[PDB]
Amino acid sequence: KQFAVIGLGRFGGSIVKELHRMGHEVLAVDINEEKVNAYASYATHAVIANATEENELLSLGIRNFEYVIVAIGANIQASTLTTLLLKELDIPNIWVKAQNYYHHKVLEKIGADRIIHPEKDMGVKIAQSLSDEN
């Protein structure tokens, strides 16, 4: 019922914006306040924080969400560490953006519920769209 998104890059940003457009409540989190303010209006609660710190996480009240999307990209370690902490906080559904096959491998082992490869997935979706038009 509740949606939280950590990592306001192109992916997470897009996700927070749609959820908002569909009239849902979203908790948008990100380290540098640049982003956190750029999505303040498109979110129900924008917060500057570091997902890799358990304390900032609990103070964030993250265990009160059923769906937490980790959209941190470049930094595989932060991404990995974050989903690991979330798994401990016992979040029911944690979806994570993966950067490659191995990042994907460990995410599985750590316990991620859904691993997303944005560019690859879009590619298969685009190829399908191509068939669907002669």
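Numbering starts at 1 and runs along the sequence shown. Just so we're on the same page, rigid core means the largest C-alpha set that superposes within 1.5 Å between forms.
S.K.: Looking at C-alpha RMS in 5 other deposited structures of this protein with the core superposed, is it 123-131 or 4-12 that drifts more?
M.R.: Stretch with the larger root mean square C-alpha distance in 5 other deposited structures of this protein: 123-131.
S.K.: Per the record, averaged over C-alpha atoms, which has the higher B-factor: 51-59 or 89-97?
M.R.: 51-59 has the higher mean C-alpha B-factor.
S.K.: Got a sec? Mean C-alpha B-factor, which is higher, 30-38 or 70-78?
M.R.: That would be 30-38.
S.K.: Have a look at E18, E25, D113, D121 and flag the one whose Cα has the highest B-factor in the entry.
M.R.: Out of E18, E25, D113, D121, the record gives the largest C-alpha B-factor to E25.
S.K.: Based on the deposited C-alpha B factors for this chain, I'd like to know if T44 is in the lowest, middle or highest third.
M.R.: As the PDB entry reports it, the C-alpha B-factor of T44 lands in the middle third of its chain.
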